[PDB]
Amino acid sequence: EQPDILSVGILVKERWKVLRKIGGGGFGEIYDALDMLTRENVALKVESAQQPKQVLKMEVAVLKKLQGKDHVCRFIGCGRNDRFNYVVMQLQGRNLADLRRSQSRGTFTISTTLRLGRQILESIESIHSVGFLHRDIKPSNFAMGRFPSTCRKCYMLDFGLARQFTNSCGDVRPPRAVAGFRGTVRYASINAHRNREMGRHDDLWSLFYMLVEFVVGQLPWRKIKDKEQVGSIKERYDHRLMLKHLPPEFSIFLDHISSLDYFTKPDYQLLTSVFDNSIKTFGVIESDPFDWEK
């Protein structure tokens, strides 16, 4: 088949020494590199300069817009040449998709679920606040940090499928009649399935599906491969059934996101209160071990 975009061992811009490929899903590849200026390991994302769909221009735009914010990697560099385009950013640790799969039955406790969920909601409100939709909320786009000071922090890792949803000084942009969905079938909202323009609420639907999968270990459409068959299930599904294993205030969360549409700003403070109230009811404190620690 095709070789890796980068040969391990090469130096990018006389600074970043490529050490090992660490991922290859999506629209490119990701490497662990040594930054010889700062003398630290970093993540290096690359795409071929010839591939049909290139997303690192969006990655750089959103990463830069989010600098200073929580739950995002530090921006380190970027470039474009005849062979490849690249973006350099902070290296993180264990990926939530991997951590969930390491559990018995693929479930997290409500303690771990609520704390991760609240951090993920923070990260969604943050990207929305700078005028972008994520459009690809799924567990493999989040990781815990890899140091003592960062390993209790969850980071939003990738922005390739993002879209700017505001124009002028933060007016919502008129939606397109048709928008071809390129995200993940499992966590996609009904609107993605319908090839509708996605909104802020579609990222909150994907978070709702991730939280349910965290507590239950599976979604009702786990075994269905056909995208249209998944969409049909979601269109008809009584999402109240998913409240069974969530804390009671998730009825407020689900009622709220069900009420939303492309043109309606979410009540983020309401959704945050669901997590805050649930965490207090269950006596969860931030220092409690996550499931992978104990």
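Quick note: we count residues from 1 along the sequence shown, nothing fancier.
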Mean C-alpha temperature factor, higher of 170-178 and 197-205: 170-178
224-232 or 251-259, whichever carries the higher mean Cα B-factor: 224-232
Selection by C-alpha B-factor (highest) of 143, 120, 190, 211: 190
Assigned third (lowest, middle, highest) for the C-alpha B factor of residue 129: middle
Third of chain Cα B-factors occupied by residue 237: highest
Ranked against its chain, the third holding the CA B-factor of residue 217: middle
Third assignment of residue 10 from its chain's C-alpha B-factors: middle
Cα B factor band for residue 113 (lowest, middle or highest third within the chain): lowest
